[PDB]
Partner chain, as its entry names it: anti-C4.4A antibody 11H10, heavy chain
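We begin with a single chain expressed as structure tokens, specifically the form solved without its partner chain.
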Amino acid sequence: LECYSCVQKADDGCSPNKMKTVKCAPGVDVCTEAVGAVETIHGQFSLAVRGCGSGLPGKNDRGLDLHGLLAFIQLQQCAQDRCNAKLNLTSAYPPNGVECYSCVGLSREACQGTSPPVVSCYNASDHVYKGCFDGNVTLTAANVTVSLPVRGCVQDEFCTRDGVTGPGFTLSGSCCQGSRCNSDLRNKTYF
């Protein structure tokens, strides 16, 4: 069995002419395709992993909400070779007082401390967005894991080390109050 293999983070990696074709190990009968989308009130990006997989064919799709961050993950496994290229790798309010650091597809090399840009929050969809969030998104499939930082505005200022999970998927981090407080929350603690 031959499967596409590629990784997107969150960029060019699963494009047609960089997708690779690998042959699966003996006993493996499915290719895998996983695309994870994260959407904040200022932008949206996607992670993907295509590769050789395990278990039976099937589908596993879940949409999640962490304090006003939206995630959508799709996981597809099929048994015809080169079949894991079906999924898309693609998806006026007034400002309130607070401004947060925003990483929505910045590299982990690029999203650190005070380096990322600043976005003026706004209560989109009538929910109030006055917290800042520092955290991360991870996707695991085909025995590889891909992860990027996530930063932005959220409907909660008081969450500490929160998360949602989907199949091979986590979105997790911490909240804070005060403009530009999500410079670095890895120290925040606890419960």
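Residue numbers count along the first chain shown, from 1.
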**Prompt:** Do any residues of the deposited sequence lie unmodelled between residue 91 and residue 92, and which range holds their number: none, 1 to 3, 4 to 9, or 10 or more?
**Reply:** 10 or more
**Prompt:** Out of 120-128 and 156-164, which one has CA B-factors that are higher on average in the deposited record?
**Reply:** 120-128
**Asked** Per the PDB record, is the mean Cα temperature factor higher over 178-186 or over 165-173?
**Response** 178-186
**Request:** Using the temperature factors in the entry, find which of 100, 85, 75, 71 has the highest value at its Cα atom.
**Result:** 100
**Asked** Compared with the other modelled residues in the chain, in which third is the CA B-factor of residue 63?
**Response** middle
**Prompt:** What third of its chain's C-alpha B-factors does residue 51 belong to: lowest, middle or highest?
**Reply:** lowest
**Fill in**
Quick tally, chain-level thirds of C-alpha B-factors: residue 22 sits in the lowest
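Omitted here: the form deposited with its partner chain bound. The next part is about that form.
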**Request:** May I ask you to state whether residue 58 is within 4.5 Å of its partner chain in the bound PDB entry, using heavy atom distances?
**Result:** no
**Asked** Applying a 4.5 Å heavy atom distance criterion, does residue 65 contact its partner chain in the bound PDB entry?
**Response** yes
**Request:** Would you please decide whether residue 159 lies within 4.5 angstroms of its partner chain in the bound PDB entry, comparing each non-hydrogen atom pair?
**Result:** no
**Asked** Does any heavy atom of residue 148 come within 4.5 Å of a heavy atom of its partner chain in the bound PDB entry?
**Response** no
**Message:** Quick one: 41, 72 and 129 and its partner chain in the bound PDB entry, is every residue within 4.5 Å by at least one heavy atom?
**Reply:** yes
**Asked** Of 164, 28, 124, 144, which one comes within 4.5 Å of its partner chain in the bound PDB entry, counting heavy atoms only?
**Response** 124
**Request:** Between 144-178 and its partner chain in the bound PDB entry, list the residues on our side with a heavy atom within 4.5 Å.
**Result:** 155
